[PDB]
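Below: the structure, in structure tokens.
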Amino acid sequence: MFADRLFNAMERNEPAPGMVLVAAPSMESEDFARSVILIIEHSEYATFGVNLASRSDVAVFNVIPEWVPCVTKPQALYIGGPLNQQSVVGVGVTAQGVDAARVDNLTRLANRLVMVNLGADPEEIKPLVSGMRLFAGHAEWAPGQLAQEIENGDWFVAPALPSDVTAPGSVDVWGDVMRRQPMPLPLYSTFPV
């Protein structure tokens with residue numbers, strides 16, 4: 001859904017870092033079906049995001065073991081998207097006390113969500129985050145293309161929460177995000193099966 005008519009009285013949230021793009025129920029492509037894509041960069045150059053909804057079977061230990069102590073369970077790489085799947089992004093939730101504007105190795109997305117520079121010392125970062133997840137690959141939108149897709153009803157733009165990034169592996173991330181949205185969106189949400 002996410003037809004234009006949904007927004008006659010209610011206004012669309014604008015894409016920005018820290019928003020999630022929630023896949024329309026009707027999206028069928030294997031790479032994007034039931035995805036929840038956290039926007040991590042939104043610029044004149046392009047929009048970049050990582051899917052939060054798709055865990056892989058690759059343990060973080062086998063790729064960057066040094067980061068394992070900072071990673072929220074399950075400590076597996078999540079599949080961020082179809083591009084550059086050998087490249088890894090860290091998304092963290094800042095700990096109490098932390099302002100990402102004053103920590104060079106953290107980049108504020110919105111609220112407590114940050115991109116963690118994986119070149120940092122994990123021992124530096126550990127006290128500064130309450131949770132973190134690693135994503136292999138990403139999704140990209142050319143300039144203007146995300147807007148076009150939103151207008152077509154492909155995505156619903158919603159604020160991300162820390163729990164979207166730190167969710168246990170038993171969770172239906174797409175379903176949980178749909179349940180937070182205005183009616184009628186919860187009517188199309190799903191539970192783990």
Helix-only CD estimate at 222 nm, as mean residue ellipticity for the chain, using -39500 (n - 2.57) per DSSP H run (n ≥ 4): -2500 deg cm²/dmol
Ranked by how many other beta carbons lie within 10 Å on average, peptides 165-176, 43-54, 144-155, 127-138 from highest: 127-138, 43-54, 165-176, 144-155
Kirkwood-based shape ratio for segment 114-174, expressed as Rg/Rh from alpha carbons: 1.05
Farthest toward positive dipole pole in segment 1-118 [+1 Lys/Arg, -1 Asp/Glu at C-beta], among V88, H42, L77: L77
Selection from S189, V63, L21 lying farthest towards where the dipole of segment 2-189 points positive, charges on Cβ: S189
From phi via Karplus (6.51, -1.76, 1.60), per-residue ³J(HN,Hα) for segment 94-108 in Hz, x at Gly/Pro: 5, 6, 3, x, 8, 10, 5, 4, 10, 10, 4, 7, 10, 10, 4
Most mobile listed residue (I79, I39, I64) in the chain, GNM with C-alpha springs under 10 Å: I64
Gain on full stretching of the segment that runs from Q85 to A46 - 0.36 nm per residue minus C-alpha separation: 12.2 nm
Cut-off under 5 Å, modelled amide H: who pairs with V58 long-range: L77
For segment 2-189, share of DSSP beta bridges that run antiparallel, in % to the nearest 5: 95 percent
Fewest-first ranking of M1, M19, using other Cβ atoms within 10 Å as the exposure measure: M1, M19
Viscosity 1.306 mPa s, temperature 10 °C, Stokes-Einstein D of segment 24-152 from Kirkwood C-alpha radius, µm²/s: 103 µm²/s
Where a label projected 7 Å from the Cα of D4 along Cα→Cβ would reach, residues of segment 141-178 with amide N under 15 Å: 148-154
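Throughout, read-outs are computed from the coordinates displayed, never taken from laboratory work. Methodologically, a virtual Cβ is constructed for each residue, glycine included, from the backbone with ideal geometry; neighbour enumeration extends over all protein chains shown.
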